[PDB]
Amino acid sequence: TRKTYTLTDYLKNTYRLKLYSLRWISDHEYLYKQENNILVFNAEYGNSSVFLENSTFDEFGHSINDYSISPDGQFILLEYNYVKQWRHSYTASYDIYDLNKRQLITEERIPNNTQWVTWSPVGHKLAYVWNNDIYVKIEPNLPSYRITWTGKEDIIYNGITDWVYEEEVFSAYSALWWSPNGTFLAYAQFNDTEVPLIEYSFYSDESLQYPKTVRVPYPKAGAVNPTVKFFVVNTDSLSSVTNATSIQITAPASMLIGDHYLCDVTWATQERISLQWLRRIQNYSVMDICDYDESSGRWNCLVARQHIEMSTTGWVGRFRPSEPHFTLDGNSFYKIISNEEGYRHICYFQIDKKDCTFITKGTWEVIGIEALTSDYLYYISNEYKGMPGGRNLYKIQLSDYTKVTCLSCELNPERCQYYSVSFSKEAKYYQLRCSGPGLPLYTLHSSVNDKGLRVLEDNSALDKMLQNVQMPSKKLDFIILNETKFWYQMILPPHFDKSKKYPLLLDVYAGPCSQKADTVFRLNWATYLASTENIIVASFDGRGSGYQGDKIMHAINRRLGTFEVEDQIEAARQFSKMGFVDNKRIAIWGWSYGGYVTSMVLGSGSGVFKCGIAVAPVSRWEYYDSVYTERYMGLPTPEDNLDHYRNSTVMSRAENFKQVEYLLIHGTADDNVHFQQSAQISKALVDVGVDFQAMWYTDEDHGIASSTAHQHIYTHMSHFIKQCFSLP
């Protein structure tokens, strides 16, 4: 008999997806790690040599976390003693190894506890951040030049982000931007002097007698934000002057009038940089285009080259204003912007004309611009078959916009409906990554005629293993509400029979611009629930969801905790109408925004749901950070949106939890959604005499992702769902 996909299968990673992670080092070659050996592959023919033997660093004395090779191929940066900070940030030690002379460098080493390091884009200059200040090495073995002196722990950040810029603005820790040939180093400086601190206990190993208090500058909604400045230094002057001058580029007057953010930095040429700025009220953004002036040594941004983007129905961009892609000469650029119908499409700008030309259109959206050549622009969209949850690679002829070719749509239509892409240095080659609905498939292509050169990884090994398992199926479809299609997916038990009635778990996220119905193949907890426990696991993308235009996405503007919550309840009613759901056994669960929505649904008094699980939920918008929260909610003041901030809390719905079984879970060291949020939910439930189940996870963060904690939480949740559904 074929076994099912069990909880242990999921928790012990018995059935692993194979990857093919490569790193392009040129237009024709990439690096790849095969059994600890770093190999160089030739793209055209597929042959390889050993770049770095696995035995090279056997006597190093430290486990190597990662490597980074200089762009000129002369040096390799070895990263070790990795200590994670937030989602992207960490500290590490670094050694540099000379490849041409086969030697480690012991002279003038990068310090321990270095926060960030990057090679220049050409050659082998290094910039790094240490104790919140920027340093530059022209040569790996020579003394560093200090660039900034103002760095101060938790206060002034030079060339790295503070908590909120890392998580909500840049999705990155770095704040250093080398010019294309490495002459200039641009950087941001953040000042968190008056930003309040979130404080929480960290217990550590049992040996630690007194708990540590972690203290992090973190602006909650409406609080004092960090301020920002932007600078550019000429690194070629460093060896000639004792102290090189950092030249400030100031934000536009339209930004300086109040609170604002720096939201994009993009080099256009050797001597031209674009900066995007965003008002704290995030429906107005300004792009400056700034040129170096040789005679004055200053950077000037002509107003004739300033571009404004605003939104009358919501915020700017999906999560921020989109990034520009400059043509080689730097005199024009392409950018995804919302069109007059509210659909995100590629627009083409000359740097000194304010009106752009849309080069794509239709009732679907461009997801990202991936590459730009003299002849073609390459982009990912969900055009194909009008499925907003699919992703394909297209190219558009720059001399004739009517000529658009899909490069991935027909490669394997049944197996592959969701693609991402990685182009070589000048887009001569590309790797396609298919992630579903079948098993992941990695292929390599040449851009001249888009020929498929070879299959890199086809997951044949996993395919063989899964033959002996009763795997669930997946249905992706839509329901029509008020003349609008809303997409859903169901993970269906093996041998699914529509004449029978199944328990159902609604797996919710539902944050603005999110998508939970797609064509991606996943091996996760839902796979187990469907395969082993015969539970249907459903998800629904309602109002506020992404990739379907602004009419849908902006529906929850200034009104979080309303329509997107109502639409999950309605989805459950619609699934019941399909005839194969046991209406006595409907449950709901989610994590973060999904935890908030789960809790709001459970507190609604709808009577639809028997039970639910909230993991690390938001409970009150005033407890979450300014950049994310205010994007959708504006400010929590009587003059703006305080009334809605106050009636969209989980705590106000406490009395209605009397009608449901609730399990509330939170990691105690969650720096993102603070434990505070669940502590206030539990207190409110206690105050009204509602019984519920709880679990804290000591020292876990938002991911609850340590190997043991991951296994424990899914085990605890599994018992709860099974009890709720009367399943042995």
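One rule holds for the numbers: they count along the sequence shown, beginning at 1. For the two forms, the rigid core is made up of the largest set of C-alpha atoms that agree within 1.5 Å on superposition.
Review point. Do the Cα atoms of 240-248 stray more than those of 483-491 in 4 other deposited structures of this protein, or is it the other way round, with the core held fixed?
Key: Comparing 483-491 with 240-248, the one that moves more in 4 other deposited structures of this protein is 240-248.
Review point. Between 555-563 and 295-303, which one strays more from this form in 4 other deposited structures of this protein if you match the rigid core and compare Cα atoms?
Key: Looking at 295-303 and 555-563 in 4 other deposited structures of this protein, the bigger mover is 295-303.
Exercise for review: Could you check which stretch, 231-239 or 548-556, carries the larger mean CA temperature factor in the entry?
Suggested key: Looking at the recorded C-alpha B-factors, 231-239 comes out higher on average.
Review point. Taking only the CA atoms, which stretch has the higher mean B-factor in the record, 17-25 or 707-715?
Key: Higher of the two, by average CA B-factor, is 17-25.
Review point. Highest Cα B-factor in the PDB entry belongs to which of 191, 360, 114, 431?
Key: Highest C-alpha B-factor among the listed residues goes to 114.
**Study point:** Residue of maximum C-alpha B factor among 332, 482, 599, 420, per deposited coordinates
**Key:** Highest C-alpha B-factor among the listed options: 482.
**Study point:** Third assignment of residue 594 from its chain's C-alpha B-factors
**Key:** As the PDB entry reports it, the C-alpha B-factor of residue 594 lands in the lowest third of its chain.
Check your understanding: Going by the entry, which third of its chain does the Cα temperature factor of residue 691 land in?
Key -> Middle third, going by the recorded CA B-factors of the chain.
Check your understanding: Which third, lowest, middle or highest, does the CA B-factor of residue 367 fall in along this chain?
Key -> Answer is lowest: the recorded C-alpha B-factor places it there.
Review point. Taking the entry's C-alpha B-factors for this chain, is residue 582 in the lowest, middle or highest third?
Key: It belongs to the highest third of the chain when residues are ordered by C-alpha B-factor.
Exercise for review: Using the B-factors in the PDB entry, rank residue 149's C-alpha atom against the chain and give the third, lowest, middle or highest.
Suggested key: Middle third of the chain for residue 149's C-alpha B-factor.
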